[PDB]
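Next up: a single chain in structure tokens, the form deposited in one PDB entry.
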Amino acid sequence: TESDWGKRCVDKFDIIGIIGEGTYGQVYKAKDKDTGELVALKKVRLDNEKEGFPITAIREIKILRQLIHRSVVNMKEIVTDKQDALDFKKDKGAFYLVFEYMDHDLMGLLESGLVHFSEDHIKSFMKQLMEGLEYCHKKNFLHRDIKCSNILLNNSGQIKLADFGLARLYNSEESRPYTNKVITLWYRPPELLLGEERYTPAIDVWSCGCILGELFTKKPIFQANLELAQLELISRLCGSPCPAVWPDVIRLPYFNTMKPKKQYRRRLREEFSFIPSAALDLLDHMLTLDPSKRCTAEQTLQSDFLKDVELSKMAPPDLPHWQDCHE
């Protein structure tokens, strides 16, 4: 049946080529020989055999067979290398996680400078991204690695969230200790920079706000190399962590250790004055320092900016594919 994963062979796919270096293996583009469908294959190597099958991949399998949303990436099956099978011990072939192929990734589209986002385009992008995050958050999962590289876009204008390798379940009642260095510094929440080991789903909201601003500037908002420098850059724009705006900031491991140069005022509305009013309010609420005062995903979907966006009009982003060749 369709459900007996792990037995079908990778012979069933014509490999087209390598599209990226993953975490637990390389990622290939391939075409199904039977249906002609295009797929992405994440290769999982258990030959490391220090901890066997990678937990990163286990998370992605465990979670993505539960999550069904148009804005969440779909795992179609798990297939295997041709096994000599003289003995199960001799077998060292790898496993492949079969996903739907997506035309582009957001980082590629922005880094190549080949995309222009209108307001109406940003609405479609953000409505889908927040709706998918809402589905995950309402199902009590945290992504914990939201970056432009992990938001995939096909030319239909459909957005899908993708790298669930760092995803874990969140218990609101019983707080659990997690890993504090979870998101890439550019998209990391301020709470985790100050060492919050018991973090909330608000970490993902922060990342998406960073993307919201970036789509309006085409440059990442907070680009730094070290955790302190980011806190300064965030503080310069969002305001310095003070107990006035973040009453429990005093309870964070590195609050006294890590301080911005000054006590900064919030200038988000000034430095982002070129953003539409409806969007600026979304950014100010999403990039709120205190995770407990930071808006939820649902609250973003019930905003003047995204509430009345209709996803029937997907409004794909503008990609030049001719006259880009010659100026």
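Residue indices: 1-based, along the sequence shown. Heads up, when I say rigid core I mean the largest set of C-alphas that superpose within 1.5 Å between the two forms.
The discussion below concerns the form deposited in another entry, not included here.
Upon rigid core superposition, which of the listed residues (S277, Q302, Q26, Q263) is displaced by 2 angstroms or more at its Cα between this form and the one not shown? The answer here is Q26.
Rigid core superposed, CA of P54 - does it shift 2 Å or more between this form and the one not shown? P54: C-alpha displaced by 2 Å or more between this form and the one not shown.
Superposing on the rigid core, does the Cα of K219 end up 2 Å or more away between this form and the one not shown? Superposed on the core, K219 moves its C-alpha less than 2 Å between this form and the one not shown.
Following rigid core alignment, is the displacement of the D103 C-alpha between this form and the one not shown equal to or greater than 2 angstroms? No; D103 is a residue whose C-alpha shifts by less than 2 Å between this form and the one not shown when the cores are overlaid.
With a C-alpha distance change of 3 Å or more, do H321 and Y101 lie closer or farther in that other deposited form? Result: farther.
Any idea whether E197 and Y24 get closer or farther by CA distance in that other deposited form, knowing it moves 3 angstroms or more? Relative to this form, closer in that other deposited form.
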